[PDB]
Amino acid sequence: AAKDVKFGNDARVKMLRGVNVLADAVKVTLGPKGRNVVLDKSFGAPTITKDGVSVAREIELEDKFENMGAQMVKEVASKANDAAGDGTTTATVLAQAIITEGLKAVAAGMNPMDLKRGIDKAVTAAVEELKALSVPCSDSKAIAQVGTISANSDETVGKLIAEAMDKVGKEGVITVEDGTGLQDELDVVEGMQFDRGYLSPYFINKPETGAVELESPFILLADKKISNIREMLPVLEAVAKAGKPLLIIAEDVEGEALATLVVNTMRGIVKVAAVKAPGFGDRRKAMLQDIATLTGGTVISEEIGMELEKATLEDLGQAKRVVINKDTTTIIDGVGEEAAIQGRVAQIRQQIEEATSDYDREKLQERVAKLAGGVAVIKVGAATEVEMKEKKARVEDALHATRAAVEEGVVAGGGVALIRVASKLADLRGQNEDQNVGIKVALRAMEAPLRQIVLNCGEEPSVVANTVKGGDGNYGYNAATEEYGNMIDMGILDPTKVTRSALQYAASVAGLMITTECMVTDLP
Amino acid sequence: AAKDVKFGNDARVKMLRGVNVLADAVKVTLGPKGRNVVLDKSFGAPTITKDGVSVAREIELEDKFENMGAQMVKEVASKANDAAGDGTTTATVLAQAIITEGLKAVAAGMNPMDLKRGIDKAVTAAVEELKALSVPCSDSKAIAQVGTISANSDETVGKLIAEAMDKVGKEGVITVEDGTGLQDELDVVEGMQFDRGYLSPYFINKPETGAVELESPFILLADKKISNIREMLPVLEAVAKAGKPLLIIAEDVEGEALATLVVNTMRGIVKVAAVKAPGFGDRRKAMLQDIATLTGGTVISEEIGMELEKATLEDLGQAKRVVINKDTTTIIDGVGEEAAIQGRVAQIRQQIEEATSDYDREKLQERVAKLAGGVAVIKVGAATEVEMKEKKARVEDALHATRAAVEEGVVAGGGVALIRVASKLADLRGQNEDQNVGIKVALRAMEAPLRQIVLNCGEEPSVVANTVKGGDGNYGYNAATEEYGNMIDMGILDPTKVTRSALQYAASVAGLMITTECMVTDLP
Amino acid sequence: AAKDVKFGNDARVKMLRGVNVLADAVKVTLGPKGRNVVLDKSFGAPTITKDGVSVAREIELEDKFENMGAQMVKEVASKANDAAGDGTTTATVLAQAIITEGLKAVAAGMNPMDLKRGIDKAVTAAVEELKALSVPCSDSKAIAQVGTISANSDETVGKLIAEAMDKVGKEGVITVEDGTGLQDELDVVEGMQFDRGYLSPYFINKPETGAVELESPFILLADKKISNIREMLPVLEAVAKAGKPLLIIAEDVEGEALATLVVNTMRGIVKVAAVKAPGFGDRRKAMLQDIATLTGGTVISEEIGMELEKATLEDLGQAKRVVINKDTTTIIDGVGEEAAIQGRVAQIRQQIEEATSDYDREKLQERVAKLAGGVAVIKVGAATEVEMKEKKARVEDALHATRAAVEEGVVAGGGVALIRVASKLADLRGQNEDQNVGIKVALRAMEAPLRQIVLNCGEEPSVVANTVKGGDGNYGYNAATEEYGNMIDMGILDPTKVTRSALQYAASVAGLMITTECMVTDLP
Amino acid sequence: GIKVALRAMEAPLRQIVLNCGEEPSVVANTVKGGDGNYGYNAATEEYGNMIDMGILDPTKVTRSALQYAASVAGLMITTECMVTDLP
Ligand SMILES: Nc1ncnc2c1ncn2[C@@H]1O[C@H](COP(=O)(O)OP(=O)(O)O)[C@@H](O)[C@H]1O
Ligand SMILES: Nc1ncnc2c1ncn2[C@@H]1O[C@H](COP(=O)(O)OP(=O)(O)O)[C@@H](O)[C@H]1O
Ligand SMILES: Nc1ncnc2c1ncn2[C@@H]1O[C@H](COP(=O)(O)OP(=O)(O)O)[C@@H](O)[C@H]1O
Ligand SMILES: [Mg+2]
Ligand SMILES: [Mg+2]
Ligand SMILES: [Mg+2]
């Protein structure tokens with residue numbers, strides 16, 4: 001509406017303070033010695049977390065100019081989380097050091113626009129160095145180590161995650177849920193399973209819980225619900241002839257079908273139970289072909305060349321057995337050929353490489369794992385609900401970190417990789433002196449993540465940093481153990497992607513931010 | 001809306017004060033000499049309670065940082081109540097001692113994360129120690145003592161509760177209601193009974209108040225309302241031929257069926273009364289099978305290939321007698337075999353262990369006890385509603401305490417068990433000194449519940465503790481009689497579960513709380 | 001309701017200050033060394049921009065009289081942006097110099113109406129000089145230079161845009177969208193394409209992702225949607241007789257027509273499917289004739305003398321092949337005479353030349369590019385969301401700058417064109433002295449854009465101005481390299497249209513503003 | 001109390017370095033690494049034997065300063081109450 005305007009240094013100073021407030025809050029949660037930050041909620045209970053992205057979202061400042069600086073730095077932490085789900089706190093630290101030094105350079109009389117370019121080119125060069133340093137992380141011990149390091153140095157977290165990734169496979173789906181006990185527990189689901197139970201409670205086969213176990217059953221898929229649509233007798237009768245159980249997947253099954261069905265099942269004529277498809281028409285219809293092909297069956301195209309009666313017994317899918325409860329249906333193993341299993345998976349590859357990425361990929365891969373791999377769920381122990389969210393959150397960070405480490409490798413932790421690369425880029429130069437200073441400023445900022453970790457440990461950041469620089473390769477300081485050695489051998493590893501993303505996201509916002517001459521905001 | 005941020009010691013001090021305010025409110029109500037807390041309600045007259053959880057829920061501080069501290073400690077008291085329904089005041093005290101000592105350790109210059117690990121390791125060991133100490137409470141005398149101790153040393157409450165648990169059984173359901181008199185009274189329900197009156201007021205078998213007693217009745221169950229679908233008479237007529245009374249359970253019965261029924265019943269041709277099912281769709285339908293199986297009858301499943309007319313006299317269940325009134329229907333005993341009763345109970349086991357837990361188990365166990373055991377209701381006598389709430393509240397706490405004592409045994413009271421276990425753990429060490437101090441801090445905090453009890457009695461908390469520590473096993477100080485002796489022999493018992501839960505819940509929040517470096521809250 | 005009135009100098013001073021506030025905020029972003037402006041909003045994330053128009057739109061002042069001045073100057077920046085999309089910051093600067101000097105003239109005892117006439121006369125003469133100075137930009141290198149200069153001396157932007165304009169042609173359409181990747185990308189579309197996908201997913205000719213390729217298809221256009229209006233069989237059969245694929249464009253196609261169509265396409269009867277028309281009746285109907293004429297087909301005018309069945313195979317248009325996916329339909333090349341492609345284009349000239357220009361031209365030219373030229377889409381890379389809009393914003397400025405440069409030619413950059421033309425007009429005299437001063441003032445103001453650029457550089461604007469005036473023709477100062485030379489040789493180019501528009505738009509509003517004797521506004 | 005007194009000792013060295021515009025934490029760490037009279041001379045920005053270089057304090061002044069500092073400190077540590085004239 002109405003504006004308050006500041007020029008040059010006055011605008012940058014206020015912006016810097018906003019950045020410092022946001023960043024200082026974020027910094028205390030960086031490292032094994034990192035300490036928790038509590039966010040005030042008026043909803044039910046306060047939240048205490050060591051996750052940098054969560055803290056950044058929450059922070060808004062009373063001073064409009066300072067707030068604007070903080071709001072812009074908020075995004076780098078936000079973007080880092082979006083990319084790999086970890087290193088958000090580290091990214092914020094880099095933004096803090098780049099911005100502070102860059103503004104200082106601007107004060108010196110240098111053109112910030114040139115400074116951005118220096119920084120941006122330095123960043124591009126730094127990224128290439130990170131890729132060189134990055135080494136594959138395919139073994140279980142290394143995966144555990146990244147999980148352990150990511151989840152505030154918890155060895156158990158990394159170990160459990162490593163087992164999960166190993167058992168489910170490369171494309172498997174891993175999730176984390178609240179645990180009943182104080183103990184961390186891993187659950188693995190083998191085969192094809194979904195969240196819909198049986199409409200006919202009455203047909204219970206052996207176990208209670210409403211469990212339905214059909215042995216060598218035929219699977220029926222349809223695009224229409226069945227009411228008085230019981231007319232499918234030659235199809236069901238054919239099944240009746242073989243004396244085999246029938247499993248039905250469709251939009252819905254009505255009381256008429258179930259009433260007659262229950263008696264047929266109860267007298268032993270046919271053991272048949274029906275369960276509703278996954279949900280939305282786009283959702284269930286897409287998911288039907290895979291169940292059909294997996295079981296060797298044929299999907300009934302209601303809207304096309306098929307009808308309720310029209311379909312021979314061979315069109316039905318076959319499975320060893322199924323498990324049905326009120327809320328869930330499990331197929332033990334449908335009998336289908338590998339060419340069909342892979343073919344269903346192969347058509348999925350286009351689906352995998354999708355521009356949408358959010359929503360489409362998450363659900364779609366779940367089908368993929370289920371079709372040929374497996375799905376794993378991790379339970380987290382903790383006496384209280386608040387302890388539980390912190391513990392679970394860190395575990396998720398480790399889960400994301402392992403995913404990042406596998407796909408793009410790992411680099412030495414403790415901030416050593418950024419400080420080590422900075423020495424390498426010492427010879428980088430640009431078009432003019434202002435750019436050269438910008439390049440140098442970016443390198444200078446690289447050091448900061450290392451020293452924050454040490455600072456949070458209540459130890460002199462400068463002492464540790466000087467000895468670390470003096471060292472070679474992966475040599476660095478272990479904050480937790482309070483001693484010096486090879487970071488990789490100690491099991492402290494940062495996934496390369498989070499490290500890279502942190503530096504690129506920090507620099508990207510920082511470069512433009514340092515170039516701000518004029519700030520525009522509302523008056524009180 | 002901007003946020004207020006505090007760092008380190010300033011945040012921890014404010015947090016501590018919030019904790020102290022909440023804890024001080026709770027502490028005064030701890031022990032035989034515990035004092036009352038009055039909660040102001042604009043609803044009606046103010047409430048007076050000695051229950052710590054009730055007091056904890058109410059407390060919220062003007063200062064946002066202090067409030068945040070209190071809200072976090074509020075949860076330990078709240079969680080304890082949810083778990084066992086007692087020891088909430090004791091749990092809060094442990095949080096008070098743990099946090100005060102822990103923050104002080106942080107002040108010294110130690111990693112809070114390490115202190116928390118020390119505390120957690122000590123807690124895990126403490127819990128295990130409690131299980132060893134826990135002496136089984138399988139007799140009525142011990143149960144009475146735990147009830148009496150829970151009820152702020154009210155002997156009548158404890159004895160009454162023991163009789164209730166004894167009479168109903170292990171899976172029996174015990175509830176407490178406000179009495180219409182000044183005297184405490186126990187009510188026990190035998191056989192199968194439900195909260196539904198009779199549709200036809202007109203037919204009363206003999207006793208007044210709508211009391212219907214059918215002698216050797218046949219019981220009919222249905223999934224249908226009856227209006228102009230009276231055609232079922234061949235079934236009714238068959239019963240008329242028999243000369244036996246008919247009991248009817250269905251979704252509803254209307255005047256056409258009721259009006260014909262009334263005259264047939266009025267002049268003695270048939271003695272038949274109809275009552276509506278338990279309540280909600282699958283809740284009532286779920287409960288129909290047990291009624292019919294218990295009585296040896298068959299449920300007419302509309303939903304299953306059966307019909308209203310289709311049912312023989314033999315299908316109907318048989319009972320010695322039933323009792324009905326305007327709001328209640330009771331069956332003295334159905335003729336059903338034990339293997340079928342157990343089969344119904346066995347199938348209930350899945351129902352027993354379920355994710356829903358809250359409310360589902362409460363209603364589900366009601367069916368369970370009703371099916372083979374008994375249901376007990378306790379009335380509390382008080383002239384005034386305010387006196388009644390305090391008296392009744394303590395009774396419920398005692399009821400929960402007995403349930404906890406039966407399930408997990410008991411430990412010596414007066415906080416002696418926690419202080420006694422602490423001596424055992426004096427030999428517990430972690431990876432480093434910071435953890436060792438955390439361990440030591442937890443052990444130190446164990447003593448506090450004992451001393452708070454003594455403190456409330458106007459006696460030196462430290463001296464009593466020193467003499468109690470010098471004792472063996474269950475030796476301790478009895479606050480009520482002001483002298484030392486064997487706590488178990490004096491009838492002071494703490495259910496193991498409440499003691500265990502108190503320590504675990506208190507420590508879990510306390511550990512996280514001491515690790516707080518930054519607190520964020522809204523501006524004043 | 002009530003009004004505040006100010007007279008003479010006080011009114012002008014408040015107006016001037018309002019102008020100065022707006023202009024000072026805008027000036028900071030002018031030049032290679034220009035600096036960013038950050039805008040705060042309650043909707044999403046704060047904006048960082050170097051675009052003067054974006055900054056101008058936001059600014060509104062607390063003082064009603066100052067606001068009135070700022071609002072009037074806001075329009076010159078806005079109008080310039082709307083006219084050419086670039087030079088908005090420079091235009092604002094001219095308004096600043098014109099008004100400052102003009103007001104000074106007002107304070108000199110001069111008639112403002114005459115001063116305005118002098119300004120207007122000087123501007124008319126200046127424009128003609130600009131017309132003479134402009135040299136056509138026809139080579140790729142020069143276009144790249146204008147794009148690069150507009151994009152704040154970013155070489156990649158100029159390179160990418162130069163390739164695009166050359167490839168799409170003069171009437172082709174170039175747009176910019178946010179890119180998925182970090183790097184900038186260019187997409188070029190050949191032939192005729194539209195944004196509506198296929199109704200039948202089942203219909204995939206060969207490649208996956210819903211990709212359909214029909215070889216030598218017959219194209220059908222209709223003004224109706226097919227539900228149960230299935231009959232068109234003799235039309236369909238004729239295509240079947242031919243053995244060629246059929247493409248259908250209409251308001252809609254239903255499942256009944258699609259279901260039979262799917263079966264028809266699978267076995268081998270016909271390879272045929274339909275895609276929905278562009279959108280609104282006038283947009284789709286107006287766009288139907290061109291697709292039919294392009295392919296040599298006839299649009300079925302349900303409205304006119306044509307109906308469903310009434311139309312043989314020859315009526316249908318032809319194309320070499322089409323590309324169909326979920327979101328788009330592409331015609332590779334329709335077979336039609338150029339006597340008709342041009343005819344569709346020729347009627348378009350009235351369509352191209354009209355008052356609406358916004359909405360109408362974008363969509364209409366889009367058709368034009370598709371009909372005879374090419375369409376290019378540019379994707380913008382950036383690590384972060386804030387970087388992405390700044391990068392993208394500048395790219396649009398370059399896109400518009402290149403469009404302006406090709407249409408009207410280019411002039412030397414750095415503001416040298418205006419300073420050089422001012423010397424030329426040094427002998428222009430009006431009716432009287434007051435006008436002569438007004439003229440002289442406009443010439444004086446021309447110099448300012450050059451010096452503002454130098455001022456942001458951290459160098460003395462006056463020293464550069466004196467040296468540049470002393471020089472000849474295109475001689476000027478390069479802010480980026482800090483040295484003098486030939487601006488054209490350097491590659492610093494100003495499209496004539498942005499330069500001309502800036503000067504005329506600034507002057508038009510400025511002349512009126514200096515004329516003010518009294519200002520009326522609401523009370524504070 | 002012991003730790004408080006031992007690290008309190010560091011303050012004058014660090015103060016010297018701080019005044020000079022040098023990092024006290026860095027200088028002190030290296031000086032600790034050395035032995036005897038070895039240390040950093042703020043005036044010349046060099047490390048070695050401070051006494052040989054030309055920087056030293058009498059033992060009596062160093063001792064007296066340290067003991068007086070501790071003596072006054074202990075009195076403040078033990079001071080429960082203060083009494084003064086109104087503002
Ligand atoms: N025990 C440790 N010793 C040395 N460095 C560590 C240790 N644990 C973690 N780090 C490092 O410090 C970084 C930040 O820790 P973290 O809180 O997880 O931040 P993110 O939240 O990961 O920025 C890690 O990415 C890693 O390089
Ligand atoms: N007469 C007593 N003598 C010694 N200890 C007692 C006596 N009565 C109760 N206690 C103890 O003090 C604790 C707290 O009493 P209570 O008010 O019931 O708190 P909860 O509400 O149980 O925290 C008991 O759990 C028990 O161990
Ligand atoms: N590197 C440069 N050296 C000299 N002059 C430049 C340079 N870059 C841009 N200019 C000039 O200064 C003007 C303003 O730059 P710009 O920020 O793009 O403003 P607009 O936003 O174009 O007013 C340009 O139109 C051009 O004439
Ligand atoms: Mg991490
Ligand atoms: Mg109690
Ligand atoms: Mg521009």
# chains A, B, ... in the order shown; residues from 1 in each chain; ligands from 1
$ residues_near_ligand --ligand "ligand 2" --cutoff "7 Å" --atoms "only C-alpha atoms and all ligand atoms" --output "ChimeraX atom specification"
/B:29-32,34,50-52,86-91,149-153,412-415,453,477-481,492-494
$ select_by_dssp --residues "chain D" --states "strand (DSSP E)" --output "PyMOL selection string"
chain D and resi 38-41+46-49
$ interface_residues --of "chain A" --to "chain C" --cutoff "7 Å" --atoms "only C-alpha atoms" --output "ChimeraX atom specification"
/A:1-3,68,71-72,76,79,109,111,113,303-305,350,504-505,508-509,512,515-521
$ residues_around --residues "range 32-43 of chain D" --least-positions-apart "2" --cutoff "9 Å" --atoms "only C-alpha atoms" --output "MDAnalysis selection string"
chainID D and resid 13 16:17 20 22 27:30 45:55
$ write_last_selection --atoms "N, CA, C and O atoms" --output "short mmCIF file (atom, residue, chain, number, x, y, z; two decimals), in the first residue's frame"
data_model
loop_
_atom_site.label_atom_id
_atom_site.label_comp_id
_atom_site.auth_asym_id
_atom_site.auth_seq_id
_atom_site.Cartn_x
_atom_site.Cartn_y
_atom_site.Cartn_z
N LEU D 13 46.58 -12.02 28.73
CA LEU D 13 47.19 -12.34 27.42
C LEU D 13 46.22 -12.06 26.28
O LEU D 13 46.56 -11.43 25.28
N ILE D 16 45.61 -8.47 25.67
CA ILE D 16 46.74 -7.88 24.96
C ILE D 16 46.59 -8.07 23.46
O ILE D 16 46.73 -7.14 22.67
N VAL D 17 46.31 -9.31 23.09
CA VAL D 17 46.13 -9.68 21.70
C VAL D 17 44.90 -8.99 21.08
O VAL D 17 44.94 -8.51 19.95
N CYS D 20 45.54 -5.39 20.25
CA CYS D 20 46.41 -5.34 19.08
C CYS D 20 45.63 -5.58 17.77
O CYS D 20 46.10 -5.24 16.69
N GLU D 22 44.47 -8.71 17.03
CA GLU D 22 44.84 -10.09 16.73
C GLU D 22 43.86 -11.03 17.44
O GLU D 22 43.18 -10.62 18.37
N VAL D 27 46.27 -17.09 19.43
CA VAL D 27 47.54 -16.79 20.08
C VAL D 27 47.75 -17.60 21.36
O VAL D 27 48.81 -18.19 21.57
N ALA D 28 46.73 -17.61 22.21
CA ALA D 28 46.80 -18.33 23.48
C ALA D 28 47.04 -19.83 23.30
O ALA D 28 47.81 -20.43 24.05
N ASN D 29 46.36 -20.44 22.32
CA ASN D 29 46.51 -21.87 22.07
C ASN D 29 47.95 -22.26 21.72
O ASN D 29 48.47 -23.26 22.20
N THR D 30 48.59 -21.45 20.87
CA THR D 30 49.98 -21.70 20.48
C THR D 30 50.94 -21.46 21.64
O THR D 30 51.92 -22.19 21.81
N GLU D 45 54.72 -9.03 17.06
CA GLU D 45 53.98 -10.11 16.38
C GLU D 45 54.84 -11.37 16.17
O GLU D 45 54.76 -12.04 15.14
N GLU D 46 55.65 -11.70 17.18
CA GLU D 46 56.56 -12.86 17.13
C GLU D 46 56.44 -13.75 18.37
O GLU D 46 55.96 -13.32 19.42
N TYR D 47 56.89 -14.99 18.23
CA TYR D 47 56.82 -15.98 19.32
C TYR D 47 58.23 -16.43 19.73
O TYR D 47 59.11 -16.63 18.90
N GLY D 48 58.41 -16.58 21.03
CA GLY D 48 59.70 -16.99 21.58
C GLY D 48 59.77 -16.71 23.07
O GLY D 48 58.75 -16.64 23.74
N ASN D 49 60.97 -16.54 23.60
CA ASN D 49 61.13 -16.25 25.03
C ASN D 49 60.85 -14.77 25.25
O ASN D 49 61.61 -13.91 24.81
N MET D 50 59.76 -14.49 25.95
CA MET D 50 59.32 -13.11 26.18
C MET D 50 60.36 -12.29 26.93
O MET D 50 60.60 -11.13 26.62
N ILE D 51 60.99 -12.91 27.93
CA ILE D 51 62.03 -12.25 28.73
C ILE D 51 63.22 -11.81 27.86
O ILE D 51 63.72 -10.70 28.01
N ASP D 52 63.70 -12.71 26.99
CA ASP D 52 64.84 -12.39 26.11
C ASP D 52 64.52 -11.25 25.14
O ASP D 52 65.35 -10.39 24.87
N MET D 53 63.29 -11.29 24.63
CA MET D 53 62.80 -10.31 23.67
C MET D 53 62.74 -8.89 24.23
O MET D 53 63.04 -7.92 23.54
N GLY D 54 62.33 -8.78 25.48
CA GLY D 54 62.20 -7.47 26.09
C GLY D 54 60.85 -7.25 26.73
O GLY D 54 60.52 -6.13 27.10
N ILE D 55 60.05 -8.30 26.86
CA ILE D 55 58.76 -8.13 27.51
C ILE D 55 58.70 -9.03 28.73
O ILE D 55 58.76 -10.25 28.65
#
$ closest_residue --among "A:471, A:461, A:201, A:491" --to "chain D" --atoms "only C-alpha atoms"
A:461
$ residues_around --residues "range 155-160 of chain B" --least-positions-apart "3" --cutoff "6 Å" --atoms "only C-alpha atoms" --output "list in words"
residues 144, 145, 147, 148 and 163 of chain B
$ write_last_selection --atoms "N, CA, C and O atoms" --output "PDB file, in the first residue's frame"
ATOM      1  N   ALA B 144      -6.776 -53.916  47.888  1.00  0.00           N
ATOM      2  CA  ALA B 144      -7.446 -52.952  48.752  1.00  0.00           C
ATOM      3  C   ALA B 144      -6.476 -51.866  49.210  1.00  0.00           C
ATOM      4  O   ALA B 144      -6.804 -50.686  49.222  1.00  0.00           O
ATOM      5  N   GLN B 145      -5.274 -52.291  49.590  1.00  0.00           N
ATOM      6  CA  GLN B 145      -4.231 -51.365  50.040  1.00  0.00           C
ATOM      7  C   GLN B 145      -3.818 -50.360  48.959  1.00  0.00           C
ATOM      8  O   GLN B 145      -3.617 -49.183  49.256  1.00  0.00           O
ATOM      9  N   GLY B 147      -5.723 -49.414  46.393  1.00  0.00           N
ATOM     10  CA  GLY B 147      -6.874 -48.548  46.221  1.00  0.00           C
ATOM     11  C   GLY B 147      -6.962 -47.511  47.332  1.00  0.00           C
ATOM     12  O   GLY B 147      -7.186 -46.328  47.083  1.00  0.00           O
ATOM     13  N   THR B 148      -6.779 -47.977  48.568  1.00  0.00           N
ATOM     14  CA  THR B 148      -6.802 -47.105  49.743  1.00  0.00           C
ATOM     15  C   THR B 148      -5.699 -46.047  49.722  1.00  0.00           C
ATOM     16  O   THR B 148      -5.936 -44.889  50.054  1.00  0.00           O
ATOM     17  N   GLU B 163     -13.385 -55.744  46.401  1.00  0.00           N
ATOM     18  CA  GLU B 163     -14.573 -56.580  46.266  1.00  0.00           C
ATOM     19  C   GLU B 163     -15.102 -56.569  44.829  1.00  0.00           C
ATOM     20  O   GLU B 163     -15.528 -57.597  44.305  1.00  0.00           O
TER      21      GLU B 163
END
$ residues_around --residues "range 133-142 of chain C" --least-positions-apart "2" --cutoff "12 Å" --atoms "only C-alpha atoms" --output "NGL selection string"
:C and (126-131 or 144-149 or 155 or 158-167 or 169-170 or 401-413 or 416-418 or 420-421 or 424 or 473-474 or 488-500)
$ calpha_fit_rmsd --fixed "chain C" --moving "chain B"
0.6 Å
$ interface_residues --of "chain D" --to "chain B" --cutoff "12 Å" --atoms "only C-alpha atoms" --output "short mmCIF file (atom, residue, chain, number, x, y, z; two decimals) with N, CA and C atoms, in the first residue's frame"
data_model
loop_
_atom_site.label_atom_id
_atom_site.label_comp_id
_atom_site.auth_asym_id
_atom_site.auth_seq_id
_atom_site.Cartn_x
_atom_site.Cartn_y
_atom_site.Cartn_z
N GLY D 1 35.43 -23.45 41.30
CA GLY D 1 36.23 -22.28 41.63
C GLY D 1 37.63 -22.35 41.04
N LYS D 3 38.65 -24.01 38.27
CA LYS D 3 38.60 -23.74 36.83
C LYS D 3 38.40 -22.26 36.55
N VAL D 4 37.56 -21.62 37.34
CA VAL D 4 37.29 -20.19 37.18
C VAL D 4 38.57 -19.38 37.34
#
$ atom_distance --atom1 "CA of residue 82 in chain D" --atom2 "CA of residue 70 in chain D"
19.9 Å
$ residues_around --residues "residue 74 in chain B" --least-positions-apart "4" --cutoff "8 Å" --atoms "only C-alpha atoms" --output "PyMOL selection string"
chain B and resi 22+53+56-57+70+78+92
